[PDB]
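Below is one structure, written out as structure tokens, with a few remarks after it.
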Ligand SMILES: *[C@@H]1O[C@H](CO)[C@@H](O)[C@H](O)[C@H]1NC(C)=O
């Protein structure tokens, strides 16, 4: 069927280089307007570049001279060479077929490019101890603070997955230091603070760090 | 068919000097005006110098006038940009391009860059 | 440059409501406008082109109107799969080829529920490292419009706090919010009263949870 | 006789850019001061010639091309430019010797509901050669399945209509463009100044 398959994204330092590839089926790249669209974390959509069927290439002002769009008809694949990468370029990159007034009808699944503005750092886990100020009668709240890690993602489980109800793992936030922070909380009975072992299991694959922290009451 | 390749850039200190070169091919070099352009990270591409095909008429931007010299060798196919008394504001990727000079009913020579670009050369002043 | 704006930013509606999202243009763009739908983790899907024509495969409940500076995307009967973020896109523009709007998120309407506010003092382990972080938690509340105001010795604090909000829960369609105020150990020791003031539509008056340093 | 620039500049309706009109100018006397002394032109750029010295010159071949485009595409009517108009509708040569004249026509070519008579070629497989006109209406094949005159997926009409409305911004407003081509060769002249 018709489909655009993207690949070629990862983590890279500022001034680095990477090449995105958008393999196509059900349409001919060399005969269509082919565009790249990127979506920054938590932001909207922005056009990046477009290649015409006649070969003319147009780029956004923020990427002109650094990014190069190209295609290979023998492989029916659309390319996006990204050089001199900066922190502005971290986003999910989408390849799409442009029909001008008829819009962008076919899209690819997307490829994440995270330029390494900060070094790959493991997370420091700090306990959010339950207390009277965190007690709601018969139910109490506790959790762990996962701070100063790069890049995404981090996986947090509670009691090796044995505790799921009441678990709220919040979306990550990027601090001013360029490092991500996250908090996972769980609401548990106040009478179980002295009988049940509450442990948060934080795993950060890029840094190969696995931390299990027991959240203790009082 | 037109091919433009820039060279000569690098790391330079304020008050220093660099010579840029642009090898051209795929067209009649002497029949087309040429110009140097630069784009700094975060700002739009800006025109630097403009030189006629014969090289008898040269024009410069106010920010580089008295510091940058634009020249060409039509025997070869190379365009030159001699930059003197460099300052940190000159840090950018410098491009060479063909350009068409147009005149208005009351104005003089005005430049329009051909939308064909090479890789450019990096000049960092610090 | 022509600026594309969308109103509202967050829309709450139930299944079966008529939902109208407006996209505005700084200058007249005739019918050069397209509508897209994006779900979390999913690539955008085209819904309408030419500001009125419906793309093949799109349900008839989606409709587009307007030409010039004001455009609207109308859903006659909101369906459970229509809860997503919707973008408008100016077409055939200059200098960029096309420009996308800010986007509008459609979420499930539900009875107003007040948040359960919990405060967490910084741990001794993080203190020994030289940093202090205090966390305020808002659990199972609706609507998502909840403000957290950090107060240090009754002085409102800004610029050193960050917030995070969960997506609508699968079971009860409620949100959860976490606010983290980060200070250094030296500045943390310089103050005593740390408070988290929360206003929400379910609260008639703001509710403040607070602790003194050293408890 | 005077050259028929009035029948080109002052025509009631202009041609679409995909089917741009060409009026041959020959065996007449041209007073170009009617153009360069007017303030009704938003664009007046001459390549290889000076606008003030046109009345003092003689030419062997003169052509006048006219079409309607958008305001954001007047820049593409120039040597070395790229875009939908330059690549697929009207291409100027790199060694162009002539003048490009444009003026806003919102009060004439824009209708309240939208004038959809002016068209541009949207889909084409190859860029136009300089001074080339393509008036084909064949269905464009975007994939590998032939269209055979039926419009659908990967099968689109090559011509799309401008939406010209008075509420449109200056970029989307219609602009009437006249391109004058001057050819100076070692041959007897046909068009001269008074
Ligand atoms: C078009 O008509 C106006 C008004 O009559 C006139 O001034 C102008 O010279 C005409 N243009 C040409 C090219 O004759």
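Positions of Cβ are backbone-derived with ideal geometry, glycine not excepted, and every protein chain shown enters the neighbour counts. Just so you know, all these numbers are worked out from the coordinates, no wet-lab data involved.
Residues are listed down the side, and each one gets a yes or a no for (1) within 14 Å of chain D (Cβ to nearest Cβ); (2) part of a strand (DSSP E or B); (3) under 28 Å from residue A:127 (Cβ atoms):
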residue: C:107; (1), (2), (3): no, yes, no
residue: C:110; (1), (2), (3): no, no, no
residue: C:119; (1), (2), (3): no, yes, yes
residue: C:126; (1), (2), (3): no, no, yes
residue: C:134; (1), (2), (3): no, yes, yes
residue: C:139; (1), (2), (3): no, yes, yes
residue: C:145; (1), (2), (3): no, no, no
residue: C:150; (1), (2), (3): no, yes, yes
Task: Hits in the stretch A:176-187 (condition: under 16 Å from residue A:154 (Cα atoms) and surrounded by 17 or more Cβ atoms within 10 Å (Cβ to Cβ)) - done: A:179, A:180, A:181, A:182, A:183, A:184, A:185
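Residue by residue, here is whether (1) within 14 Å of chain B (Cβ to nearest Cβ); (2) touching a residue at least 60 places away in the same chain (Cβ under 8 Å) holds:
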position	(1), (2)
D:66	no, yes
D:72	no, yes
D:83	yes, no
D:86	yes, no
D:126	no, no
Open item on the list: Which numbered condition in (1) in contact (Cβ under 8 Å) with a residue 60 or more places away in the chain; (2) farther than 30 Å from residue D:126 by Cα; (3) within 16 Å of the ligand (Cβ to nearest atom) is the only one that residue D:38 fails?
Closed with: (1)
Open item on the list: Can you tell me which of (1) out of contact with any strand residue (DSSP E or B) (no Cβ under 6 Å at 6 or more places or on another chain); (2) crowded, with 21+ Cβ neighbours inside 10 Å; (3) away from chain D (no Cβ under 14 Å) is the one residue C:92 doesn't meet?
Closed with: (3)
Open item on the list: Given (1) part of a strand (DSSP E or B); (2) within 14 Å of chain C (Cβ to nearest Cβ); (3) closer than 29 Å to residue D:155 by Cβ, identify the lone condition not met by residue A:101.
Closed with: (1)
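Please go through the stretch B:102-118 and pick out each residue that is assigned to a loop (DSSP other than H, G, I, E, B), closer than 28 Å to residue A:84 by Cβ and facing another protein chain (nearest Cβ under 8 Å).
B:114, B:115, B:116, B:117
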Task: Selection within the stretch D:1-18 - in contact with a strand residue (DSSP E or B) (Cβ under 8 Å, 6 or more places away or on another chain), more than 10 Å from the ligand (Cβ to nearest atom) and more than 13 Å from residue D:64 (Cα to Cα) - done: D:1, D:16, D:17, D:18
Open item on the list: For residue D:99, only one of the following conditions fails: (1) within 14 Å of the ligand (Cβ to nearest atom); (2) away from chain B (no Cβ under 14 Å); (3) out of contact with any helix residue (DSSP H, G or I) (no Cβ under 6 Å at 6 or more places or on another chain). What is its number?
Closed with: (2)
Task: Residues within the stretch A:163-185 that are outside any strand (DSSP E or B), farther than 16 Å from residue A:141 by Cβ and more than 8 Å from chain C (Cβ to nearest Cβ), tallied - done: 4
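Okay, residues lined up against (1) in contact (Cβ under 8 Å) with a residue 60 or more places away in the chain; (2) surrounded by fewer than 21 Cβ atoms within 10 Å (Cβ to Cβ); (3) within 14 Å of the ligand (Cβ to nearest atom):
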site: D:24; (1), (2), (3): no, yes, no
site: D:27; (1), (2), (3): yes, yes, no
site: D:48; (1), (2), (3): yes, yes, no
site: D:51; (1), (2), (3): no, no, no
site: D:58; (1), (2), (3): yes, yes, no
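Could you list all residues from the stretch A:6-55 that are in contact with a helix residue (DSSP H, G or I) (Cβ under 6 Å, 6 or more places away or on another chain) and either buried (at least 18 other Cβ atoms within 10 Å of the Cβ) or closer than 26 Å to residue C:102 by Cβ (or both)? Walk me through it before giving the result.
In the first step, residues of the stretch A:6-55 are kept if they are in contact with a helix residue (DSSP H, G or I) (Cβ under 6 Å, 6 or more places away or on another chain); the result is A:53-54.
Within the stretch A:6-55, just A:53 meets the criteria.
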- [ ] Among what's in the stretch D:9-21 and is surrounded by 15 or more Cβ atoms within 10 Å (Cβ to Cβ) and within 26 Å of residue B:103 (Cα to Cα), pick the residue that is farthest from the chain's Cα centre (by Cα).
- [x] D:9
Open item on the list: Looking at residue A:130 and the list (1) assigned to a strand (DSSP E or B); (2) touching a residue at least 40 places away in the same chain (Cβ under 8 Å); (3) buried (at least 21 other Cβ atoms within 10 Å of the Cβ), which single condition is not satisfied?
Closed with: (1)
Open item on the list: If residue D:111 satisfies all but one of (1) in contact (Cβ under 8 Å) with a residue 60 or more places away in the chain; (2) assigned to a loop (DSSP other than H, G, I, E, B), what's the number of the condition it fails?
Closed with: (1)
Open item on the list: Restricting to the stretch D:160-194, count the residues that are surrounded by 18 or more Cβ atoms within 10 Å (Cβ to Cβ) and assigned to a strand (DSSP E or B).
Closed with: 13
Task: Test: residue A:148 is crowded, with 21+ Cβ neighbours inside 10 Å and more than 8 Å from chain C (Cβ to nearest Cβ) - done: no
